[PDB]
2 protein chains.
Amino acid sequence: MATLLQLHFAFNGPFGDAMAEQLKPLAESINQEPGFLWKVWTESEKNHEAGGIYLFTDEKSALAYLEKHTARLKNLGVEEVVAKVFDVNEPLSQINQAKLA
Amino acid sequence: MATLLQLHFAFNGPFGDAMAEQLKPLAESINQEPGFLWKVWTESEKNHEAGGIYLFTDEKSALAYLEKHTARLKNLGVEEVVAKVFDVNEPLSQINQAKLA
(Lines give C-alpha, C1' and ligand atoms only; values in the text may rest on other atoms or scores of the structure.)
Protein backbone atom coordinates (compact mmCIF):
# COMPACT_ATOMS: atom_id res chain seq x y z
CA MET A 1 0.00 0.00 0.00
CA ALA A 2 3.20 2.09 0.18
CA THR A 3 2.14 3.55 3.49
CA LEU A 4 4.47 6.06 5.04
CA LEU A 5 4.93 5.38 8.63
CA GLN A 6 6.82 6.82 11.51
CA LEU A 7 8.91 4.22 13.23
CA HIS A 8 11.48 5.15 15.73
CA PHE A 9 12.57 4.45 19.26
CA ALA A 10 15.22 5.51 21.66
CA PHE A 11 18.80 4.37 21.27
CA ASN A 12 20.33 1.95 23.86
CA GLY A 13 17.46 -0.37 23.21
CA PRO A 14 19.73 -2.60 21.34
CA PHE A 15 23.40 -1.71 21.43
CA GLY A 16 22.97 -0.19 18.02
CA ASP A 17 24.30 -2.71 15.44
CA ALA A 18 20.81 -4.25 15.48
CA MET A 19 19.98 -1.32 13.23
CA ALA A 20 23.34 -0.52 11.55
CA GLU A 21 24.04 -4.02 10.38
CA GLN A 22 21.89 -6.67 11.96
CA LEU A 23 18.72 -5.05 10.65
CA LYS A 24 19.60 -5.80 7.06
CA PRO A 25 19.71 -9.65 7.18
CA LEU A 26 17.74 -10.26 10.34
CA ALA A 27 14.88 -7.63 10.18
CA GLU A 28 12.21 -10.24 9.38
CA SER A 29 13.54 -12.47 12.17
CA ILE A 30 14.60 -10.00 14.92
CA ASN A 31 11.81 -7.52 14.65
CA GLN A 32 9.61 -10.13 12.96
CA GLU A 33 8.27 -7.44 10.64
CA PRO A 34 8.80 -7.25 6.84
CA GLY A 35 8.18 -3.65 5.73
CA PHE A 36 7.63 -4.52 2.03
CA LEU A 37 8.53 -1.25 0.41
CA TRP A 38 11.68 -0.25 2.25
CA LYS A 39 13.24 -0.25 5.63
CA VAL A 40 14.46 2.20 8.21
CA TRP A 41 17.93 3.54 7.57
CA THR A 42 18.19 5.74 10.58
CA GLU A 43 20.40 5.67 13.63
CA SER A 44 21.49 8.59 15.74
CA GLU A 45 23.63 8.10 18.85
CA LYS A 46 23.93 11.90 19.14
CA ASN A 47 20.12 12.16 19.31
CA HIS A 48 19.92 8.98 21.43
CA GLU A 49 17.27 7.76 19.06
CA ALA A 50 17.21 5.23 16.29
CA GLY A 51 14.64 5.01 13.65
CA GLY A 52 12.94 7.19 11.21
CA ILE A 53 10.09 7.20 8.81
CA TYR A 54 9.63 4.60 6.09
CA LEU A 55 7.14 2.82 3.86
CA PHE A 56 5.19 -0.07 5.27
CA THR A 57 2.99 -2.57 3.48
CA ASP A 58 -0.06 -0.72 4.97
CA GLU A 59 -1.26 1.42 7.90
CA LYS A 60 -3.37 -1.22 9.62
CA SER A 61 -0.50 -3.62 10.06
CA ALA A 62 1.80 -0.67 10.86
CA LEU A 63 0.24 0.33 14.21
CA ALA A 64 -0.01 -3.28 15.28
CA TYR A 65 3.54 -3.92 14.21
CA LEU A 66 4.96 -1.30 16.50
CA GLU A 67 4.31 -3.80 19.18
CA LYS A 68 6.19 -6.32 17.04
CA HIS A 69 9.32 -4.22 17.30
CA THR A 70 8.42 -3.03 20.74
CA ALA A 71 7.96 -6.61 22.12
CA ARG A 72 11.72 -6.85 21.86
CA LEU A 73 12.72 -3.51 23.28
CA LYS A 74 10.05 -3.42 25.98
CA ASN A 75 11.75 -6.57 27.23
CA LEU A 76 15.45 -5.71 26.90
CA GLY A 77 15.56 -2.38 25.25
CA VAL A 78 14.13 0.93 26.38
CA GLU A 79 10.49 2.07 26.28
CA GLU A 80 8.38 1.64 23.15
CA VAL A 81 8.53 2.27 19.47
CA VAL A 82 6.85 5.42 18.31
CA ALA A 83 4.90 4.55 15.25
CA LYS A 84 2.06 6.34 13.67
CA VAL A 85 0.70 6.69 10.22
CA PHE A 86 -0.10 10.14 9.08
CA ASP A 87 -1.87 11.52 6.02
CA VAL A 88 -0.95 14.12 3.43
CA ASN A 89 -2.51 17.50 4.08
CA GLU A 90 -2.26 18.97 0.64
CA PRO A 91 -3.30 22.69 1.24
CA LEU A 92 0.04 23.39 2.90
CA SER A 93 2.02 21.85 0.04
CA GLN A 94 2.21 25.46 -1.19
CA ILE A 95 4.78 26.10 1.44
CA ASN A 96 6.53 22.84 0.48
CA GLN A 97 7.59 23.92 -2.95
CA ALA A 98 10.87 25.60 -2.03
CA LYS A 99 13.28 22.68 -1.37
CA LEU A 100 11.06 19.88 -2.59
CA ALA A 101 10.63 21.54 -5.95
CA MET B 1 21.00 23.60 6.54
CA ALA B 2 18.09 21.65 5.03
CA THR B 3 17.78 19.61 8.17
CA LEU B 4 15.11 16.97 8.22
CA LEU B 5 13.21 17.08 11.38
CA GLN B 6 10.40 15.25 12.98
CA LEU B 7 7.70 17.65 14.10
CA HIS B 8 4.36 16.43 15.15
CA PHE B 9 1.92 16.76 17.98
CA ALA B 10 -1.42 15.34 18.87
CA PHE B 11 -4.61 16.60 17.29
CA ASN B 12 -7.23 18.51 19.40
CA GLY B 13 -4.50 20.88 20.38
CA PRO B 14 -5.75 23.40 18.00
CA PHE B 15 -9.17 22.71 16.47
CA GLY B 16 -7.24 21.74 13.41
CA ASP B 17 -7.54 24.69 10.95
CA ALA B 18 -4.41 26.08 12.62
CA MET B 19 -2.65 23.58 10.41
CA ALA B 20 -4.99 23.13 7.39
CA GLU B 21 -5.35 26.77 6.63
CA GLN B 22 -4.06 29.04 9.33
CA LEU B 23 -0.57 27.56 9.24
CA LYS B 24 0.12 28.86 5.78
CA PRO B 25 -0.17 32.66 6.41
CA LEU B 26 0.26 32.73 10.15
CA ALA B 27 3.03 30.05 10.74
CA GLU B 28 5.69 32.72 11.30
CA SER B 29 3.36 34.48 13.72
CA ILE B 30 1.36 31.71 15.50
CA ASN B 31 4.11 29.28 16.18
CA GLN B 32 6.60 31.99 15.26
CA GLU B 33 8.90 29.51 13.74
CA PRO B 34 10.04 30.00 10.13
CA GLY B 35 11.19 26.60 8.89
CA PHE B 36 13.12 28.07 5.93
CA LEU B 37 13.04 25.14 3.60
CA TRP B 38 9.48 23.92 3.80
CA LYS B 39 6.67 23.45 6.19
CA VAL B 40 4.62 20.64 7.64
CA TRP B 41 1.74 19.54 5.45
CA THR B 42 0.36 16.90 7.69
CA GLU B 43 -2.94 16.54 9.48
CA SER B 44 -4.62 13.36 10.56
CA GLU B 45 -7.85 13.41 12.56
CA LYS B 46 -8.15 9.60 12.16
CA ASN B 47 -4.72 9.21 13.79
CA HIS B 48 -5.51 12.04 16.24
CA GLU B 49 -2.20 13.57 15.38
CA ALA B 50 -1.10 16.52 13.33
CA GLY B 51 2.31 17.03 12.04
CA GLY B 52 4.91 15.20 10.18
CA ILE B 53 8.47 15.49 9.14
CA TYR B 54 9.96 18.45 7.31
CA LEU B 55 13.08 20.46 6.58
CA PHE B 56 14.15 23.01 9.11
CA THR B 57 16.80 25.68 8.81
CA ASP B 58 19.05 23.48 11.07
CA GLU B 59 19.05 20.92 13.89
CA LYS B 60 20.19 23.21 16.68
CA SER B 61 17.31 25.59 16.27
CA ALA B 62 14.98 22.64 15.59
CA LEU B 63 15.04 21.11 19.11
CA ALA B 64 14.76 24.53 20.67
CA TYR B 65 11.91 25.44 18.39
CA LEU B 66 9.80 22.53 19.49
CA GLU B 67 9.23 24.56 22.54
CA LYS B 68 8.26 27.41 20.23
CA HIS B 69 5.38 25.35 18.90
CA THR B 70 4.90 23.73 22.25
CA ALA B 71 4.61 27.05 24.20
CA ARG B 72 1.27 27.40 22.44
CA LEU B 73 -0.07 23.91 22.77
CA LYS B 74 1.21 23.33 26.30
CA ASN B 75 -0.91 26.29 27.22
CA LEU B 76 -4.13 25.63 25.29
CA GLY B 77 -3.50 22.59 23.24
CA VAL B 78 -2.48 19.11 24.19
CA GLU B 79 0.86 17.83 25.47
CA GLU B 80 4.13 18.68 23.70
CA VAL B 81 5.14 18.49 20.08
CA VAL B 82 7.49 15.67 19.25
CA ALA B 83 10.53 16.97 17.49
CA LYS B 84 13.81 15.30 16.95
CA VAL B 85 16.41 15.45 14.29
CA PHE B 86 17.72 12.17 13.08
CA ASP B 87 20.62 11.25 10.82
CA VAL B 88 21.01 9.10 7.75
CA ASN B 89 22.33 5.63 8.39
CA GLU B 90 23.42 4.73 4.92
CA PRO B 91 24.27 0.91 5.30
CA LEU B 92 20.52 0.14 5.46
CA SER B 93 19.86 2.09 2.27
CA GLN B 94 20.46 -1.26 0.54
CA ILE B 95 17.03 -2.27 1.71
CA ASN B 96 15.71 1.16 0.69
CA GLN B 97 16.18 0.64 -3.00
CA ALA B 98 12.94 -1.17 -3.59
CA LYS B 99 10.35 1.58 -3.54
CA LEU B 100 12.69 4.63 -3.45
CA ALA B 101 14.37 3.48 -6.63
# chains A, B, ... in the order shown; residues from 1 in each chain; ligands from 1

$ calpha_fit_and_write --fixed "chain B" --moving "chain A" --output "CSV table (one decimal) with N, CA and C atoms, in the first residue's frame"
chain,number,residue,atom,x,y,z
A,1,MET,N,20.2,24.8,6.3
A,1,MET,CA,21.0,23.6,6.4
A,1,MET,C,20.3,22.4,5.9
A,2,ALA,N,19.0,22.6,5.5
A,2,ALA,CA,18.1,21.6,5.0
A,2,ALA,C,18.0,20.4,5.9
A,3,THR,N,17.9,20.6,7.2
A,3,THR,CA,17.8,19.6,8.2
A,3,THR,C,16.4,19.0,8.1
A,4,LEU,N,16.4,17.7,8.2
A,4,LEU,CA,15.1,17.0,8.2
A,4,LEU,C,14.7,16.7,9.6
A,5,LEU,N,13.6,17.2,10.0
A,5,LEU,CA,13.2,17.1,11.4
A,5,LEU,C,11.8,16.5,11.5
A,6,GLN,N,11.7,15.9,12.6
A,6,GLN,CA,10.4,15.3,13.0
A,6,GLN,C,9.7,16.4,13.7
A,7,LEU,N,8.4,16.7,13.4
A,7,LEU,CA,7.7,17.7,14.1
A,7,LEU,C,6.2,17.3,14.0
A,8,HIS,N,5.7,16.8,15.1
A,8,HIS,CA,4.3,16.5,15.2
A,8,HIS,C,3.8,16.5,16.6
A,9,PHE,N,2.6,16.6,16.7
A,9,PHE,CA,1.9,16.6,18.0
A,9,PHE,C,0.5,16.1,17.8
A,10,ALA,N,-0.1,15.9,18.9
A,10,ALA,CA,-1.5,15.3,18.9
A,10,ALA,C,-2.5,16.3,18.4
A,11,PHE,N,-3.5,15.8,17.8
A,11,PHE,CA,-4.6,16.6,17.3
A,11,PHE,C,-5.4,17.1,18.5
A,12,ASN,N,-6.3,18.1,18.3
A,12,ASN,CA,-7.1,18.6,19.4
A,12,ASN,C,-6.3,19.5,20.3
A,13,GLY,N,-5.2,20.0,19.7
A,13,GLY,CA,-4.3,21.0,20.3
A,13,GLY,C,-4.9,22.3,19.9
A,14,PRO,N,-4.9,22.5,18.6
A,14,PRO,CA,-5.7,23.5,18.0
A,14,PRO,C,-7.0,22.8,17.6
A,15,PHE,N,-7.9,23.4,17.0
A,15,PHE,CA,-9.1,22.7,16.5
A,15,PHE,C,-8.7,21.9,15.3
A,16,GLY,N,-7.7,22.4,14.5
A,16,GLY,CA,-7.3,21.7,13.4
A,16,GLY,C,-6.9,22.7,12.3
A,17,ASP,N,-7.7,23.7,12.0
A,17,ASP,CA,-7.5,24.7,10.9
A,17,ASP,C,-6.2,25.4,11.0
A,18,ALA,N,-5.7,25.5,12.3
A,18,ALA,CA,-4.4,26.1,12.6
A,18,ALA,C,-3.3,25.4,11.7
A,19,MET,N,-3.5,24.2,11.3
A,19,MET,CA,-2.6,23.5,10.4
A,19,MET,C,-3.1,23.6,9.0
A,20,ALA,N,-4.4,23.2,8.8
A,20,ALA,CA,-5.0,23.1,7.4
A,20,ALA,C,-5.0,24.4,6.7
A,21,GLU,N,-5.2,25.5,7.3
A,21,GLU,CA,-5.3,26.7,6.6
A,21,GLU,C,-4.4,27.8,7.3
A,22,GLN,N,-4.6,28.0,8.5
A,22,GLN,CA,-4.0,29.0,9.3
A,22,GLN,C,-2.5,28.9,9.6
A,23,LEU,N,-2.0,27.8,9.1
A,23,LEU,CA,-0.5,27.5,9.2
A,23,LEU,C,0.1,28.3,8.1
A,24,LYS,N,-0.5,28.2,6.9
A,24,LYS,CA,0.1,28.9,5.7
A,24,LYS,C,0.4,30.4,5.9
A,25,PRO,N,-0.5,31.3,6.3
A,25,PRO,CA,-0.2,32.7,6.4
A,25,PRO,C,0.2,33.1,7.8
A,26,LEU,N,0.0,32.3,8.8
A,26,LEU,CA,0.3,32.7,10.1
A,26,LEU,C,1.4,32.0,10.8
A,27,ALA,N,2.0,30.9,10.1
A,27,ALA,CA,3.1,30.0,10.7
A,27,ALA,C,4.1,30.8,11.5
A,28,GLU,N,4.7,31.8,10.9
A,28,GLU,CA,5.7,32.7,11.5
A,28,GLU,C,5.2,33.5,12.7
A,29,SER,N,3.9,33.7,12.8
A,29,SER,CA,3.3,34.5,13.8
A,29,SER,C,2.7,33.6,14.9
A,30,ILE,N,2.0,32.5,14.5
A,30,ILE,CA,1.3,31.6,15.5
A,30,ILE,C,2.3,30.7,16.2
A,31,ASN,N,3.1,30.0,15.4
A,31,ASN,CA,4.1,29.1,16.0
A,31,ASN,C,5.3,29.9,16.3
A,32,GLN,N,5.5,31.0,15.6
A,32,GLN,CA,6.7,31.9,15.7
A,32,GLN,C,8.0,31.3,15.1
A,33,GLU,N,7.8,30.2,14.4
A,33,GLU,CA,8.9,29.6,13.8
A,33,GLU,C,8.8,29.6,12.3
A,34,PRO,N,10.0,29.9,11.6
A,34,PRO,CA,10.0,30.0,10.1
A,34,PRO,C,10.0,28.6,9.4
A,35,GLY,N,11.0,27.8,9.5
A,35,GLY,CA,11.1,26.6,8.8
A,35,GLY,C,12.2,26.7,7.8
A,36,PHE,N,12.1,27.7,6.9
A,36,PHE,CA,13.1,28.0,5.8
A,36,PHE,C,13.0,27.2,4.6
A,37,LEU,N,13.0,25.9,4.7
A,37,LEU,CA,13.0,25.0,3.5
A,37,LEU,C,11.6,24.7,3.1
A,38,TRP,N,10.9,24.2,4.0
A,38,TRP,CA,9.5,23.9,3.7
A,38,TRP,C,8.7,23.7,5.0
A,39,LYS,N,7.5,23.4,5.0
A,39,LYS,CA,6.7,23.4,6.2
A,39,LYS,C,6.0,22.1,6.3
A,40,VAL,N,5.2,21.9,7.4
A,40,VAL,CA,4.6,20.6,7.6
A,40,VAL,C,3.2,20.6,7.0
A,41,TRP,N,3.0,19.7,6.1
A,41,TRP,CA,1.7,19.5,5.4
A,41,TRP,C,1.1,18.2,5.9
A,42,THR,N,0.9,18.1,7.2
A,42,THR,CA,0.3,16.9,7.7
A,42,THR,C,-0.8,17.2,8.7
A,43,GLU,N,-1.8,16.4,8.7
A,43,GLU,CA,-2.9,16.5,9.6
A,43,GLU,C,-3.6,15.2,9.5
A,44,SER,N,-4.0,14.6,10.6
A,44,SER,CA,-4.7,13.4,10.6
A,44,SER,C,-5.6,13.2,11.8
A,45,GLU,N,-6.9,13.6,11.5
A,45,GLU,CA,-7.9,13.5,12.6
A,45,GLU,C,-8.1,12.0,13.0
A,46,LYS,N,-8.0,11.1,11.9
A,46,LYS,CA,-8.2,9.7,12.1
A,46,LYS,C,-7.1,9.1,13.0
A,47,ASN,N,-5.9,9.7,13.0
A,47,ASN,CA,-4.8,9.3,13.8
A,47,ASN,C,-4.7,10.0,15.1
A,48,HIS,N,-5.5,11.1,15.1
A,48,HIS,CA,-5.5,12.1,16.3
A,48,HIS,C,-4.2,12.7,16.5
A,49,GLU,N,-3.5,13.0,15.4
A,49,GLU,CA,-2.2,13.6,15.4
A,49,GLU,C,-2.1,14.5,14.2
A,50,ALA,N,-1.3,15.5,14.4
A,50,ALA,CA,-1.1,16.5,13.3
A,50,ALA,C,0.3,16.9,13.3
A,51,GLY,N,1.0,16.6,12.2
A,51,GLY,CA,2.3,17.0,12.0
A,51,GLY,C,3.0,15.9,11.4
A,52,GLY,N,4.2,16.2,10.9
A,52,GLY,CA,4.9,15.2,10.2
A,52,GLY,C,6.4,15.4,10.3
A,53,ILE,N,7.1,15.4,9.2
A,53,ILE,CA,8.5,15.5,9.2
A,53,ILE,C,8.8,16.4,8.1
A,54,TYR,N,9.6,17.4,8.3
A,54,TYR,CA,9.9,18.4,7.3
A,54,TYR,C,11.3,19.0,7.5
A,55,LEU,N,11.7,19.8,6.5
A,55,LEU,CA,13.1,20.4,6.6
A,55,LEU,C,13.0,21.8,7.3
A,56,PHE,N,14.0,21.9,8.2
A,56,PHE,CA,14.2,23.0,9.1
A,56,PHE,C,15.5,23.6,8.7
A,57,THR,N,15.6,24.9,8.9
A,57,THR,CA,16.8,25.7,8.7
A,57,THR,C,18.1,25.0,9.3
A,58,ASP,N,17.9,24.2,10.4
A,58,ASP,CA,19.1,23.5,11.0
A,58,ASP,C,18.5,22.7,12.2
A,59,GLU,N,19.4,21.9,12.8
A,59,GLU,CA,19.0,21.0,13.8
A,59,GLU,C,19.0,21.7,15.2
A,60,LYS,N,20.0,22.5,15.4
A,60,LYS,CA,20.2,23.2,16.6
A,60,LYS,C,19.0,24.1,17.0
A,61,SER,N,18.5,24.8,16.0
A,61,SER,CA,17.3,25.6,16.2
A,61,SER,C,16.1,24.7,16.4
A,62,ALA,N,16.1,23.6,15.7
A,62,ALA,CA,15.0,22.7,15.6
A,62,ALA,C,14.5,22.1,17.0
A,63,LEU,N,15.5,21.6,17.8
A,63,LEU,CA,15.1,21.1,19.1
A,63,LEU,C,14.6,22.2,20.1
A,64,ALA,N,15.1,23.4,19.9
A,64,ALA,CA,14.7,24.5,20.7
A,64,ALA,C,13.4,25.0,20.3
A,65,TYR,N,13.1,24.9,19.0
A,65,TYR,CA,11.9,25.4,18.4
A,65,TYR,C,10.7,24.5,18.6
A,66,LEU,N,10.9,23.3,19.1
A,66,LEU,CA,9.8,22.5,19.5
A,66,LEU,C,9.0,23.2,20.6
A,67,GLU,N,9.8,23.8,21.4
A,67,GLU,CA,9.2,24.5,22.5
A,67,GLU,C,8.5,25.8,22.0
A,68,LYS,N,8.9,26.3,20.9
A,68,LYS,CA,8.3,27.4,20.2
A,68,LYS,C,6.8,27.0,19.9
A,69,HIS,N,6.7,25.9,19.2
A,69,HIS,CA,5.4,25.4,18.9
A,69,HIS,C,4.6,25.0,20.1
A,70,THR,N,5.3,24.2,20.9
A,70,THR,CA,4.8,23.7,22.2
A,70,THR,C,4.3,24.7,23.1
A,71,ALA,N,5.0,25.9,23.2
A,71,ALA,CA,4.6,27.0,24.1
A,71,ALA,C,3.1,27.4,23.9
A,72,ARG,N,2.6,27.1,22.7
A,72,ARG,CA,1.2,27.4,22.4
A,72,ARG,C,0.3,26.2,22.9
A,73,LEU,N,0.7,25.0,22.5
A,73,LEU,CA,-0.1,23.9,22.8
A,73,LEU,C,0.0,23.4,24.2
A,74,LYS,N,1.1,23.7,24.9
A,74,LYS,CA,1.2,23.3,26.3
A,74,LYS,C,0.2,24.2,27.1
A,75,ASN,N,-0.1,25.3,26.6
A,75,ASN,CA,-1.0,26.3,27.2
A,75,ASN,C,-2.4,25.9,26.9
A,76,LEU,N,-2.8,25.8,25.6
A,76,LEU,CA,-4.2,25.6,25.3
A,76,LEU,C,-4.4,24.3,24.5
A,77,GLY,N,-3.4,23.7,24.1
A,77,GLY,CA,-3.5,22.6,23.2
A,77,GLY,C,-3.6,21.2,23.9
A,78,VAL,N,-2.5,20.5,23.9
A,78,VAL,CA,-2.5,19.1,24.3
A,78,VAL,C,-1.4,18.7,25.2
A,79,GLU,N,-0.2,18.3,24.7
A,79,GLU,CA,0.9,17.9,25.5
A,79,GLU,C,2.1,18.6,25.2
A,80,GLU,N,2.9,18.1,24.2
A,80,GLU,CA,4.1,18.7,23.6
A,80,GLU,C,4.2,18.3,22.2
A,81,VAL,N,5.0,19.0,21.5
A,81,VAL,CA,5.4,18.6,20.2
A,81,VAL,C,6.6,17.6,20.2
A,82,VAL,N,6.5,16.6,19.4
A,82,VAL,CA,7.5,15.6,19.3
A,82,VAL,C,8.4,16.0,18.2
A,83,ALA,N,9.6,16.5,18.5
A,83,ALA,CA,10.5,16.9,17.5
A,83,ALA,C,11.9,16.5,17.8
A,84,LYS,N,12.5,15.7,16.8
A,84,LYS,CA,13.8,15.3,16.9
A,84,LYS,C,14.5,15.4,15.6
A,85,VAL,N,15.8,15.4,15.6
A,85,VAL,CA,16.5,15.4,14.3
A,85,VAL,C,17.3,14.2,14.2
A,86,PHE,N,17.1,13.4,13.2
A,86,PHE,CA,17.8,12.2,13.1
A,86,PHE,C,18.9,12.3,12.0
A,87,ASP,N,19.6,11.3,11.8
A,87,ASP,CA,20.7,11.2,10.9
A,87,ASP,C,20.5,10.1,9.9
A,88,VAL,N,21.1,10.1,8.8
A,88,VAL,CA,21.0,9.1,7.7
A,88,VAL,C,22.0,8.0,8.0
A,89,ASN,N,21.5,6.8,8.2
A,89,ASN,CA,22.3,5.6,8.4
A,89,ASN,C,22.3,4.8,7.1
A,90,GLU,N,23.3,5.1,6.4
A,90,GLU,CA,23.5,4.7,5.0
A,90,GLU,C,23.6,3.2,4.8
A,91,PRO,N,24.2,2.3,5.7
A,91,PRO,CA,24.3,0.9,5.4
A,91,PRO,C,23.0,0.3,5.0
A,92,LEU,N,21.9,0.7,5.7
A,92,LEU,CA,20.6,0.1,5.5
A,92,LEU,C,19.9,0.7,4.3
A,93,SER,N,20.6,1.5,3.5
A,93,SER,CA,19.9,2.1,2.3
A,93,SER,C,19.8,1.0,1.2
A,94,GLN,N,20.4,-0.1,1.4
A,94,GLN,CA,20.4,-1.3,0.6
A,94,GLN,C,18.9,-1.8,0.5
A,95,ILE,N,18.3,-1.7,1.6
A,95,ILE,CA,17.0,-2.2,1.8
A,95,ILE,C,15.9,-1.1,1.6
A,96,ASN,N,16.5,0.0,1.1
A,96,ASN,CA,15.7,1.2,0.7
A,96,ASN,C,15.3,1.2,-0.8
A,97,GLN,N,16.1,0.5,-1.5
A,97,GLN,CA,16.1,0.7,-3.0
A,97,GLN,C,15.0,-0.1,-3.7
A,98,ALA,N,13.9,-0.4,-3.1
A,98,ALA,CA,12.8,-1.0,-3.7
A,98,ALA,C,11.8,0.1,-4.2
A,99,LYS,N,11.2,0.8,-3.3
A,99,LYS,CA,10.2,1.8,-3.7
A,99,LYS,C,10.9,3.1,-3.9
A,100,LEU,N,12.0,3.4,-3.2
A,100,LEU,CA,12.7,4.7,-3.4
A,100,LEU,C,13.7,4.6,-4.5
A,101,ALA,N,13.6,3.7,-5.4
A,101,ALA,CA,14.5,3.6,-6.5
A,101,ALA,C,13.9,4.2,-7.8

$ select_by_dssp --residues "chain B" --states "helix (DSSP H, G or I)" --output "JSON, numbers by chain"
{"B": [17, 18, 19, 20, 23, 24, 25, 26, 27, 28, 29, 30, 59, 60, 61, 62, 63, 64, 66, 67, 68, 69, 70, 71, 72, 73, 90, 91, 92, 93, 94, 95]}

$ select_by_dssp --residues "stretch 20-96 of chain B" --states "strand (DSSP E)" --output "list in words"
residues 49, 50, 51, 52, 53, 54, 55, 56, 82, 83, 84 and 85 of chain B
